[PDB]
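These notes concern the structure reproduced below.
Just so you know, these numbers use all the heavy atoms, side chains as well, and skip hydrogens, waters and symmetry mates. Lettering of chains follows the sequences in order, A, B, ..., and the numbering in each one begins at 1.
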Amino acid sequence: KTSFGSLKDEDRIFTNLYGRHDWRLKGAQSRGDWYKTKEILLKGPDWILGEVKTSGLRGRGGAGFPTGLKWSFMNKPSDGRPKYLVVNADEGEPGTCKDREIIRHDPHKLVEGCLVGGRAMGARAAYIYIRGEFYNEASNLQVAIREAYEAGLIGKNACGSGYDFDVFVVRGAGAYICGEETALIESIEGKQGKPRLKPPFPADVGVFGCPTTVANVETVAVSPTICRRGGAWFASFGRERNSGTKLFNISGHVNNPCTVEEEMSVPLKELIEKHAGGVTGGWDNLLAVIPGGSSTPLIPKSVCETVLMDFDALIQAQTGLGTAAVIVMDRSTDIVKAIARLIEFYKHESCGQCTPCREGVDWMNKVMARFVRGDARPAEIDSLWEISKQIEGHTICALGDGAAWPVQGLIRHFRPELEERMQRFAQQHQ
Amino acid sequence: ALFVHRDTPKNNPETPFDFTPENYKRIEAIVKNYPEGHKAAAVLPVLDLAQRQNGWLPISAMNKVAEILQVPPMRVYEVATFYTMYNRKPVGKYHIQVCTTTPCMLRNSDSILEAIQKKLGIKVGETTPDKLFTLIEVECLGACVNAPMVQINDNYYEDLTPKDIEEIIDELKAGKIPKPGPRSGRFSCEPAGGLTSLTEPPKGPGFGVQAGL
Amino acid sequence: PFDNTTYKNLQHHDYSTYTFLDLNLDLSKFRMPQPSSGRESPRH
Amino acid sequence: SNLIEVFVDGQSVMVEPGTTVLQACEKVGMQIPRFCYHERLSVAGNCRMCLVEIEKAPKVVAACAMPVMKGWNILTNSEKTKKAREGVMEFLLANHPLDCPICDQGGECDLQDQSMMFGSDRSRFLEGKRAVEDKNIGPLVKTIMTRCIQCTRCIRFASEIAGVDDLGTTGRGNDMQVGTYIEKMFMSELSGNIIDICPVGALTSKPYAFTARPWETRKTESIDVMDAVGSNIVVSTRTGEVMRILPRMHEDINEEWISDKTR
Ligand SMILES: Cc1cc2nc3c(=O)[nH]c(=O)nc-3n(C[C@H](O)[C@H](O)[C@H](O)COP(=O)(O)O)c2cc1C
Ligand code: SF4
Ligand code: SF4
Ligand code: SF4
Ligand code: FES
Ligand code: FES
Ligand SMILES: [K+]
């Protein structure tokens, strides 16, 4: 297949994405969820992990690691300690609001994903770390989990397969760093959400020091559909090593900001002009697009004309795919103010543990706040580049990378706007 | 805004805090969610429960959470100062949280912040003199396609204009409670010019299922 | 009938401040007994 | 035995499994710059000064916390190792106060010394620095938390060795502060050793404060008599007068600590 996009409703995994049908158990069973789940559980861990490896599923959290290869790290004999699937439902990324839609509107799909993914890795129970701001969504998922316990679908003898599997919901308390997998593990254990160093990987020492896989809501929720519909079905979409469907959040300066499911290797221009109603003022009004939420570098309108929205096409476009949260910016935007507000987010959401992010993200906020006004000189652009390169690859977790990359994208594509900002500051304030 | 504590006559370790007995049963249900030997994993939900009971966290809710979980009090102070939901000062009865990150800022959340300020007569961080509203400015609330939006104590009020949020503040001053959703025509997150997808009836169970399963 | 014009998630207009915790208290009985590390805390 | 072979700058060395990169470099006599690593405390990994290149790996690893694999070549003096060290020293000195003349750590400071050895020679920092509220933890440890570089040897000492669990980090981000969060008086029997293991002048000895300076003292290696443990001590004298007392390392007695009566 050379042309991607144009995804039909028979291939949509996340039916009832929009809340237009009953999210409860009598609705979810009538849309395909909890069908033949005992037959999925009785085919063992290795069949389910083979169906995830064959489907080419990659992690929807922002890292994009291959999900079957990740989950097979737990496929190992027990050593006394329990094993825990942990669902990352924090979703603090700016632009990203899709896991809220999964939990609020398709909760039993998340519960069945917890059951199937926990059987695949031999997990005892599932701790879903939901965002604490998502209170109505948490109680929504809790009504669904009570409906799945009272139907015998989870718990003692889950789905009648002779497997014991609990599903828990742990509410966070307002920290974006608790979406990082080790910091989320630290927050379940009752501490500050501060990330761990690796090694040990969570599959060795995770939550409570047990073996643990942390996975996104979306990569967990698609796993029963990957089991039922087959891996080759899900791998028939997108490019090779970019297999499947994907929830895309288009927001910012579009006419109809929306969450939408779409095929993987869709063009970005086709996605915006088909599901969002175009950029406000037409496509000629486009300035830049942050492709995948705040941690990815922006790409200008010349790059967004022919770019494809999967992992490899955006890595070759010197940016990332991330959570696939499309922030659209028009020509009426102060782009330095937007990236400075984004760096202000990254210093107000940073746990302060290691030196490069703790000191340098605040120092990048100060340099970006001087770049907005223009109170700077053009040597400081390359100075800020070198500060961002000192933060990148030196921190404990990837909030340093995710705070250095917007600065790098802004400099790399919009150095002339910074320079003309500073020189008009100089010729009107001196 | 400070991360040290000083004992005031309304916030000291002899400020009266205690859980209600139904909240003690809720704390029992919370602590049973975590493995034995790891009772310290219930620090966040019990401290959120204490904030839900009391409205805010004095330094006796922190000491009571440290007392009923057998953890050091400094290890509860760390959690209470780390996470930005734990109100260590008494906030108003309706805690308005305007998002001003870039997906809400591009869709003009500054006009909503200005509308709430000139409606209440306060600024960012202040509390109204009758202790009904505390307006602070928060980061990404996770409702980005519904930008711009606020949060009022549990509830997301979305797709807002200045008129919508002024109507919300009107009916919160009137003792009523508003409906937590998008204040435009659409329901949750769909394209506002009709559904661009999911219009067909969904298939139901048995569709596309591979053989031998 | 098939309906697509109404929003079926109207239940969260009635959630109180203790809805999550009462659902946890209701789910307290359906669960398996937690594994123990053998000690009462890592300070025991 | 089960010793694996690692290379430190090409030099072969046989280490036990579970040996960190830092200890592997120590076994050939290279001391990696560290601020939060302490051999008697738990490993934190949160100052990033020990970042070292392993060749054929496109990322520096924290040598204090990274267990070695077989056949790694550790490059302690490579180009990107030195760039990592200079960058991390730059971030440590971004918000650090210009207090070295009025500071009791001057001349015996880790931050000064391995800034001279591994850091750059000038600043690119052009902003206003933070200033931290000072804490009060008793009549022994003078507390100037503006100098705190947030390495958490405080907290790991008082947690694991002193067994007190009353120091910690409050806040988040660059506003993260080390302290007790309340007006608490950290009075252990081993409380003066946080003056030893604080690498900076954030925790200084209040009785010793301002009276002397490390380069002018004479180190007399002597013995405690305040109990029957027999802690080996250094009696630093300056011009015929005793200035302070510091521990000596003796693994069999006092490993490198002394008590507050002794100190
Ligand atoms: C600062 C930061 C925030 C993150 N936030 C989230 C998040 O909110 N949700 C999420 O699924 N992954 C998040 N991640 C990625 C996780 O570390 C991890 O990759 C993911 O949760 C689980 O892997 P998966 O993509 O296979 O699901 C975050 C990572 C970082 C560094
Ligand atoms: S990168 Fe930033 S958020 Fe993450 S551990 Fe380091 S200081 Fe904390
Ligand atoms: S702690 Fe060290 S670097 Fe800091 S002011 Fe004192 S002597 Fe100077
Ligand atoms: S006061 Fe000293 S030992 Fe304590 S965390 Fe700060 S720099 Fe480290
Ligand atoms: S940007 Fe305001 S909710 Fe995400
Ligand atoms: S010494 Fe290894 S990071 Fe502090
Ligand atoms: K010191």
Side-chain angles (χ1 to χ4, degrees), chain A residues 94 252-253 287-288 290 294 297-298 300 327 329-350 357-391 403-430, chain B residues 1 98-114 117 123-125 136-140 148, chain D residues 90-91 94-95 123-131 173-175:
Chain A
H253 287 161
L287 178 64
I290 303 166
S294 72
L298 52 85
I327 302 167
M329 300 167 70
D330 61 354
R331 296 295 297 269
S332 70
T333 299
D334 193 1
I335 186 160
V336 178
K337 186 172 75 71
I339 300 302
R341 183 60 184 83
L342 209 61
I343 298 304
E344 186 174 0
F345 172 78
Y346 281 106
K347 74 158 283 291
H348 290 290
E349 294 293 334
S350 175
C357 171
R358 179 185 65 246
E359 302 294 327
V361 175
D362 196 1
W363 177 30
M364 289 195 293
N365 191 15
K366 294 175 185 175
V367 174
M368 285 304 297
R370 289 192 294 113
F371 283 182
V372 169
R373 293 183 292 113
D375 192 3
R377 63 186 179 91
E380 299 183 359
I381 301 170
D382 291 332
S383 177
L384 187 62
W385 183 266
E386 285 181 352
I387 294 163
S388 69
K389 290 292 186 179
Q390 288 174 356
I391 297 164
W405 289 342
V407 168
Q408 292 178 0
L410 180 63
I411 291 171
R412 186 176 61 241
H413 298 290
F414 287 93
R415 188 182 177 95
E417 207 281 334
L418 292 169
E419 290 177 352
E420 61 91 17
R421 184 74 61 87
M422 294 181 294
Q423 71 192 359
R424 71 174 182 268
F425 181 81
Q427 66 90 30
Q428 74 180 354
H429 286 279
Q430 292 296 320
Chain B
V98 182
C99 181
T100 57
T101 56
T102 299
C104 287
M105 183 179 71
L106 291 173
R107 295 187 65 85
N108 198 1
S109 64
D110 293 332
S111 66
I112 289 170
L113 186 63
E114 290 173 352
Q117 284 177 356
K123 64 179 73 174
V124 170
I136 73 165
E137 184 183 0
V138 297
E139 303 296 327
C140 176
Chain D
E90 182 177 0
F91 295 128
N95 284 314
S123 180
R124 292 185 293 177
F125 188 78
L126 296 172
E127 303 292 329
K129 297 178 182 290
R130 66 178 175 180
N174 207 172
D175 292 329

- prompt: Just how far is it from atom OG of A:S383 to atom CE of A:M364, taken to the nearest 0.5 Å?
  reply: 11.5 Å
message: Whether the side chain of A:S388 engages the backbone of A:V407 through a donor-acceptor N/O pair (distance < 3.5 Å, no angle test) should be reported.
response: no
message: Quick check on A:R331: does its CZ atom have over 12 non-hydrogen neighbours (other residues, nucleotides or ligands) under 6.0 Å away?
response: no
query: Could you state the interatomic distance from OG (A:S294) to CD1 (A:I339), rounded to the nearest 0.5 Å?
result: 9.0 Å
query: Heavy-atom count around D:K129 NZ within 6.0 Å, excluding the residue itself: above 12?
result: yes
message: Quick one, A:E359 and D:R130 - any side-chain contact, counting heavy atoms below 4.5 Å?
response: yes
- request: Answer yes or no: is there a side-chain heavy-atom contact under 4.5 Å between A:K366 and A:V361?
  value: no
field: Beyond-backbone contact of A:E380 with A:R370, side-chain heavy atoms, under 4.5 angstrom
entry: yes
task: Please tell me if the side chains of A:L410 and A:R415 come closer than 4.5 Å, counting only heavy atoms from C-beta onward.
output: no
task: Please lay out, stage by stage, how A:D375 and A:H429 fare under the test side-chain contact (heavy atoms from CB on, under 4.5 Å).
output: CA-CA 9 Å; A:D375 192 3; A:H429 286 279; over 6 Å; no
- prompt: Do A:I387 and A:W363 have side-chain heavy atoms sitting under 4.5 Å apart?
  reply: yes
- prompt: Considering only heavy atoms from C-beta outward, does the side chain of A:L342 approach that of A:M368 to under 4.5 Å?
  reply: no
- prompt: With no hydrogens and no angle check, is any side-chain donor or acceptor of A:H348 less than 3.5 Å from a backbone partner on B:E139?
  reply: no
statement: Note: A:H413 and A:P300 closest approach over all heavy atoms is ND1-CD, 3.4 Å
- line: Heavy-atom nearest pair, B:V98 first then B:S109, reads CG1-O, 4.3 Å
task: Would you give the length of the straight line joining atom CG of A:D362 to atom CD of A:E344, rounded to the nearest 0.5 angstrom?
output: 10.0 Å
query: With a 4.5 Å limit on heavy-atom distance, are the side chains of A:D330 and A:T333 in contact?
result: yes
message: What's the separation between atom CD1 in A:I391 and atom CZ in D:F91, rounded to the nearest 0.5 Å?
response: 4.0 Å
- prompt: Taking all atoms of both residues into account, what is the closest heavy-atom pair of A:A288 and A:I335, and its distance?
  reply: CB-CD1, 3.8 Å
message: Give me the atom names and distance for the closest heavy-atom approach of A:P406 to A:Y346.
response: CG-CE1, 4.4 Å
side-chain hydrogen bond (donor to acceptor under 3.5 Å, both in side chains) partner of A:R341, the single match among B:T101, B:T102, B:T100: B:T100
Inter-residue atom distance A:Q428.CD - A:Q423.CD, 0.5 Å rounding: 11.5 Å
- prompt: Closest approach of A:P94 and A:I327, non-hydrogen atoms and distance?
  reply: O-CD1, 3.8 Å
- line: Rounded to the nearest 0.5 angstrom, the NZ-CD distance for B:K123 and B:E114 is 13.0 Å
- prompt: Are A:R412 and A:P297 side-chain neighbours, meaning at least one heavy-atom pair lies under 4.5 Å?
  reply: yes
- request: Starting from the C-alpha separation in whole Å, work towards a yes-or-no answer on side-chain contact (heavy atoms from CB on, under 4.5 Å) for A:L287 and A:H253.
  value: CA-CA 10 Å; A:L287 178 64; A:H253 287 161; over 6 Å; no
query: Sub-3.5 Å donor-acceptor pair from the side chain of A:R421 to the main-chain atoms of A:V372, do we have one?
result: yes
message: On a heavy-atom basis, which atom in A:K347 and which in A:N365 lie closest, and how many Å separate them?
response: CD-ND2, 3.3 Å
